[PDB]
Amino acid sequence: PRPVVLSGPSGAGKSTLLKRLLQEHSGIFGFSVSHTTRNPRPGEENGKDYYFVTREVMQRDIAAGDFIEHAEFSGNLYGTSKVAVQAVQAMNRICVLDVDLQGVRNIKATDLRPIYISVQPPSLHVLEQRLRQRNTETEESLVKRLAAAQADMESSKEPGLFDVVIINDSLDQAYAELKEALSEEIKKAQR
């Protein structure tokens, strides 16, 4: 099977859909634990949700070639390390990655050759509402999210960028569509 890249706007439901997929199919899928320089949100665990490091550690890691890709997003650094992807492969699991649009384009030139899935909100208004209920960003950081989010929604319609686009209105339906898009991936892994 192939690795899986989830991309979409901030708050459209990338994390929520992925977290469920990793519970139902914990034997099939493995999460790529990115590095980030942003502060952990309550409930996030180092080594599970992210590798939480300072900017000095992240830059020294970049200088050492640790990362398949890395991008700056809303004043913080994020990156997919080779070590993170190899950890999933050494477990005999399909690697699932959660990256922004920059990561998608970055990954499009690596040897990962993954499936690309875009998770989109029903409207940009609903996306702002979902981010407000989250309340993990300041209004200065919140405003920057919507600027980057509109670029994601526009690039979702690019002819050869994403393999599957999923509108997250109902989690039951969106996860049902996520499983349907990964049926071939699951079938190959299980054989």
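Rigid core: the largest C-alpha set superposing within 1.5 Å between the two forms. The first residue of the shown sequence is 1; numbering continues from there.
- Taking the rigid core as the alignment reference, the C-alpha atoms of 78 to 86 lie farther on average from the displayed form in 7 other deposited structures of this protein than those of the other stretch among 115 to 123 and 78 to 86.
- Taken in 7 other deposited structures of this protein and fitted on the core, 105 to 113 and 88 to 96 differ in how far their Cα atoms move from the shown form, and the one that moves more is 88 to 96.
- When 115 to 123 is weighed against 96 to 104, 115 to 123 comes out higher, by mean CA B-factor as recorded in the entry.
- Per-stretch averaging of Cα B factors for 42 to 50 and 159 to 167 places 159 to 167 on top.
- Across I28, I68, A147, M58, the greatest Cα temperature factor reported in the deposited entry is at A147.
- Annotation for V88: C-alpha temperature factor in the lowest third relative to the rest of the modelled chain, per the entry.
- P1: CA B factor in the highest third of modelled residues in this chain (values from the PDB entry).
- The entry lists a Cα temperature factor for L142 that places it in the highest third of the chain's modelled residues.
- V33: CA B factor lies in the lowest third for its chain, per the PDB record.
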